[PDB]
């Protein structure tokens, strides 16, 4: 298991524009297109992202390319963020995947409220961090995915994704 397999499990693969769990236009392996209610705005974002007139539909190769770019962008954002980088660098490789997963789903601004969780993770207080991570809108709105990510932080194993 690696970050790509982990997020592919959590996000699925759809080749036509769909709506994510928040109702926002998305495509591929969880690639957010826009928060605008305009499908035309989403289609414009898609064409810009792919470099051709897509009509709201992409190929698997294109979905995987966007996915690679999105994972890399999450990593580079963590590494540029003075609050996130020290915690990320303190983690083992499996838990780093859980960190990328959260940033992929909610962005750097979505994780800004997790300061206390981040401190517990840096302190390697895994059970306490897991309890704290679940006290969140994130956990309440996507509990099965949050449970998998939290189990990954709690245990440092892939058990939630093998199961």
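Residue numbers count along the first chain shown, from 1.
Subject >> Flanks modelled, residue 111 absent in at least a third of other entries >> reply: It is, since residue 111 is left out of at least a third of the other entries that model both flanking stretches.
Subject >> Entry-level comparison of average CA B-factors, 106-114 and 55-63, reporting the higher stretch >> reply: Result: 106-114.
**OP:** Decide which of the stretches 95-103 and 36-44 has the higher mean C-alpha B-factor, going by the entry.
**Re:** Comparing 36-44 with 95-103, the higher average CA B-factor belongs to 36-44.
**OP:** Could you tell me which third, lowest, middle or highest, the C-alpha B-factor of residue 135 occupies within its chain?
**Re:** Within its chain, residue 135 is a middle-third residue by C-alpha B-factor, going by the deposited values.
Original post:
Should residue 154 be placed in the lowest, middle or highest third of its chain by the C-alpha B factor in the entry?
Top reply: Its C-alpha B-factor, which the entry lists for residue 154, ranks in the middle third among residues of this chain.
Subject >> Ranked C-alpha temperature factor of residue 145 among modelled chain residues, by third >> reply: It belongs to the lowest third of the chain when residues are ordered by C-alpha B-factor.
Original post:
In terms of the chain's CA B-factor thirds, is residue 1 lowest, middle or highest?
Top reply: Ranked within chain, residue 1 CA B lands in the highest tercile.
**OP:** Ordered by C-alpha B-factor within the chain, which third holds residue 124? Give me lowest, middle or highest, please.
**Re:** According to the entry, residue 124 has a C-alpha B-factor in the chain's middle third.
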